[PDB]
Each structure stands twice: as structure tokens, then as C-alpha cells.
Amino acid sequence: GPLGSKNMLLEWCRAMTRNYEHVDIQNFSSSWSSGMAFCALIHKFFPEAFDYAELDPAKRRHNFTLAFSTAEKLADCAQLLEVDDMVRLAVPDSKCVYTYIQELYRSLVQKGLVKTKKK
């Protein structure tokens, strides 16, 4: 479509990347090899989550588990991705992140999280 799906998420996800640093969402795979994206994106809607400024790219394993363990306890998100796999692959799939974000996106809509402030 003239708009596009991934573009919507990309535009959106990126919009939250401005707040955070060391993170650049120019892709859904390579730009995610740091795992810093999953944690950073969540930290946007959940402050009690964790101190994103206290995390480093050194502890990726924890970043993945954290991003998931945090989103799960707070949003009971999906379990489409496995920390170990992410760690081993070090290369996610645009469909995986997209699909994950998809489910997550929807949860935010119901929760009314995405509709925090109008333009």
C-alpha cells in the first residue's frame, strides 16, 4: 500500500529510537544484532522496566531475557523468540521481529498504551 505495514512499524519503532542511543533501527535484522533494540523499544512504554542507561552491549544474553522477561511480566507478551536462539543466531528475521512487534503492538492498542498523546 502507499503507506505499508513494515514502514508503519519502522517509522514507529524508530520514533522511539530517538529517545535512546547506540541504537539505530535501519533494519529489523542487522540493526537488532545488538539486542539493545528489544530492550530499548520496551523501555519506552515501561519506565519501571529497567535502567536502559545501565545496560551495555556486553550483556546481550541478559538483554534478550530481560526484554522478554520484562515484557512478559508487564505485558505477558508472546514467546515467538528465544534468547538462546537470538544469542546463537545473532541475526533475527524481519518476519520474526515484525510478527513479535505485531502481537505486542496489538496488546499496546488494547492497553491504550499507544494512544498516550495525540499529535
# chains A, B, ... in the order shown; residues from 1 in each chain; ligands from 1
$ closest_atom_pairs --of "region 3-105 of chain A" --to "region 111-119 of chain A" --cutoff "12 Å" --atoms "only C-alpha atoms" --output "Markdown table"
| residue | atom | partner | partner_atom | distance |
| --- | --- | --- | --- | --- |
| A:12 | CA | A:114 | CA | 10.1 |
| A:13 | CA | A:114 | CA | 11.5 |
| A:16 | CA | A:114 | CA | 11.7 |
| A:42 | CA | A:113 | CA | 11.5 |
| A:44 | CA | A:113 | CA | 10.4 |
| A:45 | CA | A:113 | CA | 7.2 |
| A:46 | CA | A:113 | CA | 9.8 |
| A:74 | CA | A:111 | CA | 11.2 |
| A:75 | CA | A:111 | CA | 9.1 |
| A:76 | CA | A:111 | CA | 11.9 |
| A:104 | CA | A:111 | CA | 10.5 |
| A:105 | CA | A:114 | CA | 8.0 |
$ select_by_dssp --residues "chain A" --states "helix (DSSP H, G or I)" --output "PyMOL selection string"
chain A and resi 5-17+30-32+36-43+52-54+60-75+83-89+94-111
$ closest_residue --among "A:29, A:58, A:108, A:47" --to "residue 93 (chain A)" --atoms "only C-alpha atoms"
A:29
$ residues_around --residues "residue 103 (chain A)" --least-positions-apart "3" --cutoff "10 Å" --atoms "only C-alpha atoms" --output "ChimeraX atom specification"
/A:77-78,80,98-100,106-108
$ write_last_selection --atoms "C-alpha atoms" --output "PDB file, in the first residue's frame"
ATOM      1  CA  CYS A  77       3.819 -10.717  25.549  1.00  0.00           C
ATOM      2  CA  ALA A  78       4.334 -13.602  23.116  1.00  0.00           C
ATOM      3  CA  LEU A  80       7.936 -16.314  19.465  1.00  0.00           C
ATOM      4  CA  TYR A  98       7.698  -7.935  12.805  1.00  0.00           C
ATOM      5  CA  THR A  99       5.487 -10.773  13.960  1.00  0.00           C
ATOM      6  CA  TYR A 100       6.650 -10.219  17.534  1.00  0.00           C
ATOM      7  CA  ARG A 106      -1.897  -5.088  19.456  1.00  0.00           C
ATOM      8  CA  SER A 107      -1.503  -5.523  23.210  1.00  0.00           C
ATOM      9  CA  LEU A 108      -0.495  -1.848  23.421  1.00  0.00           C
TER      10      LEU A 108
END
$ residues_around --residues "residue 37 (chain A)" --least-positions-apart "4" --cutoff "10 Å" --atoms "only C-alpha atoms" --output "ChimeraX atom specification"
/A:13-14,16-17,20-25,28,31-33,41-43,63-64,67
$ atom_distance --atom1 "CA of residue 92 (chain A)" --atom2 "CA of residue 109 (chain A)"
24.7 Å
$ atom_distance --atom1 "CA of residue 90 (chain A)" --atom2 "CA of residue 59 (chain A)"
13.3 Å
$ closest_residue --among "A:50, A:95, A:18, A:26" --to "residue 71 (chain A)" --atoms "only C-alpha atoms"
A:50
$ residues_around --residues "residue 66 (chain A)" --least-positions-apart "4" --cutoff "10 Å" --atoms "only C-alpha atoms" --output "tab-separated table (two decimals) with N, CA and C atoms, in the first residue's frame"
chain	number	residue	atom	x	y	z
A	38	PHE	N	15.40	-4.61	21.36
A	38	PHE	CA	14.27	-5.19	22.09
A	38	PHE	C	14.11	-4.54	23.47
A	39	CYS	N	15.22	-4.31	24.15
A	39	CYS	CA	15.17	-3.70	25.47
A	39	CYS	C	14.78	-2.22	25.38
A	49	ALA	N	10.50	-0.70	34.10
A	49	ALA	CA	11.15	-1.83	33.44
A	49	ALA	C	12.56	-2.06	33.95
A	50	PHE	N	13.46	-1.22	33.48
A	50	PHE	CA	14.85	-1.29	33.86
A	50	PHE	C	15.58	-0.04	33.38
A	60	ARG	N	24.47	-9.14	26.30
A	60	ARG	CA	23.36	-9.34	25.36
A	60	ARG	C	22.39	-10.43	25.84
A	61	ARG	N	22.92	-11.52	26.37
A	61	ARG	CA	22.06	-12.62	26.82
A	61	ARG	C	20.99	-12.11	27.78
A	62	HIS	N	21.43	-11.32	28.74
A	62	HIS	CA	20.54	-10.76	29.73
A	62	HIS	C	19.58	-9.76	29.09
A	70	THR	N	10.85	-8.93	30.96
A	70	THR	CA	10.21	-7.70	31.39
A	70	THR	C	8.87	-7.53	30.70
A	71	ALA	N	8.86	-7.66	29.38
A	71	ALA	CA	7.64	-7.51	28.62
A	71	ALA	C	6.61	-8.57	29.01
A	72	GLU	N	7.09	-9.74	29.40
A	72	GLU	CA	6.18	-10.81	29.80
A	72	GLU	C	5.50	-10.48	31.12
A	83	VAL	N	15.82	-16.41	23.69
A	83	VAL	CA	17.09	-15.74	23.98
A	83	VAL	C	18.27	-16.49	23.38
$ closest_residue --among "A:86, A:15, A:3, A:8" --to "residue 36 (chain A)" --atoms "only C-alpha atoms"
A:86
$ atom_distance --atom1 "CA of residue 79 (chain A)" --atom2 "CA of residue 110 (chain A)"
18.9 Å
$ decode --residues "region 53-73 of chain A" --atoms "N, CA and C atoms" --output "CSV table (one decimal), in the first residue's frame"
chain,number,residue,atom,x,y,z
A,53,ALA,N,20.0,2.9,30.5
A,53,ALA,CA,21.2,3.5,30.5
A,53,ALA,C,22.3,2.8,31.3
A,54,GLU,N,21.8,1.8,32.1
A,54,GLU,CA,22.7,1.0,32.9
A,54,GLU,C,23.1,-0.3,32.2
A,55,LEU,N,22.4,-0.6,31.1
A,55,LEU,CA,22.7,-1.8,30.3
A,55,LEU,C,23.8,-1.5,29.3
A,56,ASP,N,24.5,-2.5,28.9
A,56,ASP,CA,25.6,-2.4,27.9
A,56,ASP,C,25.5,-3.5,26.8
A,57,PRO,N,26.1,-3.4,25.7
A,57,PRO,CA,26.1,-4.4,24.6
A,57,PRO,C,26.9,-5.7,25.0
A,58,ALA,N,27.5,-5.6,26.2
A,58,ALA,CA,28.3,-6.7,26.7
A,58,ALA,C,27.5,-7.8,27.1
A,59,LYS,N,26.4,-7.5,27.9
A,59,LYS,CA,25.5,-8.5,28.4
A,59,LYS,C,24.3,-8.7,27.5
A,60,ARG,N,24.5,-9.1,26.3
A,60,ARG,CA,23.4,-9.3,25.4
A,60,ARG,C,22.4,-10.4,25.8
A,61,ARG,N,22.9,-11.5,26.4
A,61,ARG,CA,22.1,-12.6,26.8
A,61,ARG,C,21.0,-12.1,27.8
A,62,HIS,N,21.4,-11.3,28.7
A,62,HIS,CA,20.5,-10.8,29.7
A,62,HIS,C,19.6,-9.8,29.1
A,63,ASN,N,20.1,-9.0,28.1
A,63,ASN,CA,19.3,-8.0,27.4
A,63,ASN,C,18.1,-8.7,26.8
A,64,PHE,N,18.3,-9.8,26.1
A,64,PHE,CA,17.2,-10.5,25.5
A,64,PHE,C,16.2,-11.1,26.5
A,65,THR,N,16.8,-11.8,27.5
A,65,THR,CA,15.9,-12.4,28.5
A,65,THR,C,15.2,-11.3,29.2
A,66,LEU,N,15.9,-10.2,29.5
A,66,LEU,CA,15.3,-9.0,30.2
A,66,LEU,C,14.2,-8.4,29.4
A,67,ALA,N,14.5,-8.2,28.1
A,67,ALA,CA,13.5,-7.6,27.3
A,67,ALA,C,12.2,-8.4,27.2
A,68,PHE,N,12.4,-9.7,27.2
A,68,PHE,CA,11.3,-10.7,27.2
A,68,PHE,C,10.7,-10.9,28.6
A,69,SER,N,11.6,-11.1,29.5
A,69,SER,CA,11.1,-11.4,30.9
A,69,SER,C,10.4,-10.1,31.4
A,70,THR,N,10.8,-8.9,31.0
A,70,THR,CA,10.2,-7.7,31.4
A,70,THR,C,8.9,-7.5,30.7
A,71,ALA,N,8.9,-7.7,29.4
A,71,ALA,CA,7.6,-7.5,28.6
A,71,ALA,C,6.6,-8.6,29.0
A,72,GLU,N,7.1,-9.7,29.4
A,72,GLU,CA,6.2,-10.8,29.8
A,72,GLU,C,5.5,-10.5,31.1
A,73,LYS,N,6.3,-10.1,32.1
A,73,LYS,CA,5.7,-9.8,33.4
A,73,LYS,C,4.8,-8.6,33.3
